[PDB]
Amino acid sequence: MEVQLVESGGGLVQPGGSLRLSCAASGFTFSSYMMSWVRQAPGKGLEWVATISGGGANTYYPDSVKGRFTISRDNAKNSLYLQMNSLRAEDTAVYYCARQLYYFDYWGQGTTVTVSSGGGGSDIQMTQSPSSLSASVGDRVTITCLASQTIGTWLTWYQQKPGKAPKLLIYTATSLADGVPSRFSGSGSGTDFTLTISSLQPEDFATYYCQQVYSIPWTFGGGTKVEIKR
């Protein structure tokens, strides 16, 4: 035949999405040439993204895509593939496949992949307001946590002392875990929740997280760190 490279698979995606690109070849001994994926941002220049040897036994990626992108090829079908996982805004580009020698020999006309900025979450996003805090021993401390959706009372409060693992403080947003002092208070339902330390103590020096266990994925707050001045 005549040498030919045709790309397929492009389209619009949201950040964190998945996309798989196909490049089909003809007109040369496909199982002998290195194959490549080179991309170009909509306004920027060219950057190489993946390469696979003729027999498929050798792969090469730049560091920006290692762990996300996977180049593969099926020599029986004379096609080349690129699996793009957890797409970022930096991945919006035209994706060409190119027969690779010590140069890039033939280029396909490329497929277009557009990573939107659409969709915020799709998971319940927790928001802790105070976000860092320093009060003297005996003060009253208030940490608020805001849920994007309604979670009822399915809200958990964790305390992580320095250098140690998180510890269960309060579950279902009001009930107290065993071995926890009474100065810790929990309240709220639906979207607004509050953790109250009625009288700060040096042993309360830690970082506090909220967490909804309503639906998957179970999401945490950003954490509120509590220093103690004196």
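Numbering starts at 1 and follows the sequence shown.
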Between 173-181 and 58-66 (mean CA B-factor, as deposited), the higher: 173-181
86-94 or 112-120, whichever carries the higher mean Cα B-factor: 112-120
Among modelled residues of the same chain, the CA temperature factor third for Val6: middle
Third of chain Cα B-factors occupied by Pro166: lowest
Third assignment of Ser189 from its chain's C-alpha B-factors: highest
Assigned third (lowest, middle, highest) for the C-alpha B factor of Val213: middle
CA B-factor placement of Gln14, once the chain's modelled residues are sorted into thirds: highest
